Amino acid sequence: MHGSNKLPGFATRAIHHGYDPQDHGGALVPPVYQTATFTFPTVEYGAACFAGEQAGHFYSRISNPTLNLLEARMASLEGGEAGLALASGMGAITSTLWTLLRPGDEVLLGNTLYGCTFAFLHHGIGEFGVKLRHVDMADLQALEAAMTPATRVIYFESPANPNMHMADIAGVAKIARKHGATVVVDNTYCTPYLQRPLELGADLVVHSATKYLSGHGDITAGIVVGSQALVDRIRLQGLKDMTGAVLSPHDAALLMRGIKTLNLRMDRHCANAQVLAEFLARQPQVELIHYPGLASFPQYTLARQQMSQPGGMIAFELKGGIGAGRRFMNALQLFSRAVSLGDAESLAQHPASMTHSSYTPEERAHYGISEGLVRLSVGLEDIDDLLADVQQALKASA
């Protein structure tokens, strides 16, 4: 049915939402508001801007029109009411959590977390008297059992950093609705093109827009999407007062540029990673593979229900442990050795020998990290070139 109130499709909105060129001298690309302050015609229009009474701007840290279009567009893409743009992923996560939690509050966390998130919680906010508990968010019994009435927030990534462990977002939402908690999901890996946690009951979605959304590895940015009520608070307290993590209008404009090919890029990320994952499963050097699009995936059924495509990230374990991981990493000639993900260029990392090298093997097992675990951000290059590079590096891995 063609409809009068039917949403334009994802691609259309990623390109167009929230912008009419007619409102801006006909400019097809929005002009970039690289400006710190705005001006007032009088002080009555000025006082009304500080009140949230008129929808005109005063200062770029609080709100900016280039930033607003990005936020509006991202909110559309996630299906949410409102968006906030910030200087990084961590800036999104810290501004949100700082806003929502106070001493005595408890936050329930996914069992594994992105390292700096884990750092923010245990060495940052968790040292200012906020309580932390990890649970397996795929274990709805154990989550139910962990809830107190001090439980203010449930925060997780899905899929999660190390082995791609999923959580059942709607089943988690159900339990949060019962006890009255706020569910915050890091949707970095899937993006709104593949997973929309707000449509599954989550209250807030955070993103490292540094990754897939930008797509080209040339900005650092974060996004928060949720209801107006919550995002308004994160804007006026978390951002304004508590992190100062303001995104550049230059970078916001690059971000929107990237978002315009998001669907296209993700289709290719996913098509390439599928092929690569299936390659890796059949290789003698490989003990174990975690990829949502392989049938062997433990949470395969949950992956097809809550994500429309299995994603661009692969984690696998080399048989020969840390030495094998090192040699594999040092052999790659197309894949680059780097932290980060979601660029056009394929990336790889081996926490045992990189990010987490100055731990012991036993302390790595504590954080879900195998000695042979290698993570791949499969990029947009030709798959035959990527297979040739991976095959050659597997040989060198012995």
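Throughout, we count residues from 1 along the sequence that is shown.
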Got a sec? Mean C-alpha B-factor, which is higher, 196-204 or 264-272?
196-204
Given 175-183 and 244-252, the range whose Cα B-factors average higher in the PDB entry
175-183
By the CA temperature factor listed in this entry, which of these ranks top: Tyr291, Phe328, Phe279, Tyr114?
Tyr114
If I read the C-alpha B-factors straight from the PDB entry, which of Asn68, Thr35, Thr42, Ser346 is highest?
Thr42
Place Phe118 in the lowest, middle or highest third of its chain's C-alpha B-factors, as listed in the PDB entry.
highest
Sorting by Cα B-factor within the chain, modelled residues only, which third would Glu127 end up in: lowest, middle or highest?
highest
Which third of the chain does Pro149 land in by C-alpha B-factor: lowest, middle or highest?
highest
Compared with the other modelled residues in the chain, in which third is the CA B-factor of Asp232?
middle
If you rank every modelled residue in this chain by C-alpha B factor, which third holds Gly18: lowest, middle or highest?
middle
